[PDB]
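Before any questions on how it binds or moves, here is one chain, the form deposited in one PDB entry, in structure tokens.
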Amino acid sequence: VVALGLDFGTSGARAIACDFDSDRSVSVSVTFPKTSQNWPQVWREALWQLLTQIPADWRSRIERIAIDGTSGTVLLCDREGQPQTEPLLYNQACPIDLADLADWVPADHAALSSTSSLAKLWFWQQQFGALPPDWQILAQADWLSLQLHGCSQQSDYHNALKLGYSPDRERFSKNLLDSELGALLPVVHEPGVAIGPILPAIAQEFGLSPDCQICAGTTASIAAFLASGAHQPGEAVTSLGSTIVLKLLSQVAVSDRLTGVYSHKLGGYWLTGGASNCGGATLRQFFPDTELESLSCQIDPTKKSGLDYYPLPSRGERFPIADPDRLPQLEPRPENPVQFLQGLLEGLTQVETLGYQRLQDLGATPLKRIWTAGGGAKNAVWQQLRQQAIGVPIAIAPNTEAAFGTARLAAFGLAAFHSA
């Protein structure tokens, strides 16, 4: 099978045409401006550019296409999919009372944030006063795929989660559907399934096969996990980027609203996770990547440093333990930079450890393996500390690109996430 994965990030977009029969692949990229007063147009043009940069002999063999977008970015469009107002982005919060959403979701739902799609929809509702039933609200991936198949009000239960969708019971609440917001909600499918055939004009214009299928998309955070290929409960992906992001595959959904922990549905399994403010950003505050490696090469992990740090970049922690007043603990400081770096890495290691432990304490499936992603993944000393502190096999993930995971999503769907 030859599938195309489309990843739409925060600062740009990457496309990966992957060909799983050989295996061979080709990747292309576009970078967004940092400012614009017409983001949908930018996204659309980015889509066409991505399609254009892909070689013809590749486009003529693409069978299935999938699109992942940023979780939280939404658009308000009419019945034809034309943006009526300018999008509300993933980072933008809304000045509304969450108590207004209490009757539409359980009292622990992930949609109960000031950044969630439901909150943004309520905000738009109290700007416009009364949103027409003719209209629709669409996630970025929803809209971008709408550019490909033309079927309106279609979505997956990854992006719909923060819109108020209940993946546990495969539905929206009856109160939400009975409300004045119910008409704008999309039909929710499973990520990977084929929504419909590609538009004939589009296929003609880009030399694509008219029998090509556009599948239901997902989020970038999940597509990144899908790139690893982990499908057994207990398997986890740890992202050692600027901030440490933990993702654990479990047989049971967990949730802790205080720490921002919630679970996505993934086939017959669940994908839980968390995000700490600690990470590689704290490391580059004291060392450039220049000195970082040259100092890490002098660290023997099999002996403790005697240091006990909590490597926060600034005031406030979110996960595993939530306290918005916790100061960074980076004392005492030995003059030997090696042991200081070791202390930092030990701190981060403890962050990851306590994270996974808390995830297990919330009811998630016991940890079995670790697949590491991010810049810190190639750090073998850090890997040693991590394995010493956790006690499970840790290795570098074969792939980390979200577009590739989206390609695997288009080609195979969420089939592997069952036990049959």
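Start at 1 with the first residue shown and count on from there.
- Higher average CA B factor: 89-97, of the stretches 237-245 and 89-97.
- Here the stretch with the larger average CA B-factor, out of 403-411 and 16-24, is 16-24.
- Between the residues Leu148, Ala224, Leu181, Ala201, the entry's highest C-alpha temperature factor is the one at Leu181.
- Taking only the listed residues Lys265, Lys162, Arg333, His189, the entry reports the highest CA temperature factor at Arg333.
- Per the deposited record, the Cα B-factor of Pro197 falls in the lowest third when ranked against the other modelled residues of its chain.
- Among the modelled residues of its chain, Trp122 has a C-alpha B-factor that falls in the highest third, as given in the PDB entry.
- In the deposited entry, the Cα temperature factor of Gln41 places it in the middle third of its chain's modelled residues.
- Residue-level temperature factors show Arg64 in the lowest third of its chain, judged at the C-alpha atom.
- In the PDB entry, a CA B factor belonging to the middle third of its chain's modelled residues is recorded for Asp211.
Keep in mind the form deposited with a small molecule bound is missing from the figure; the text below concerns it.
- Figure note: of the listed segments 80-88, 237-245, 326-334, 94-102, the one touching the small molecule in the entry with it bound, with heavy atoms no more than 4.5 Å away, is 237-245.
- Site annotation in the entry with it bound: the residue of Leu177, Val252, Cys151, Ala281 reaching within 4.5 Å of the small molecule with a heavy atom is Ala281.
- Only one of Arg61, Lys378, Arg44, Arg369 comes within 4.5 Å of the small molecule in the entry with it bound through a heavy atom, and that residue is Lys378.
- In the entry with it bound, the small molecule lies farther than 4.5 Å from every heavy atom of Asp168.
- Residue contact with the small molecule in the entry with it bound: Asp289 places a heavy atom within 4.5 Å of it.
- Heavy atoms of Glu293 reach within 4.5 Å of the small molecule in the entry with it bound, making it an interface residue.
- The small molecule is not drawn, but in the entry with it bound it has no heavy atom within 4.5 Å of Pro40.
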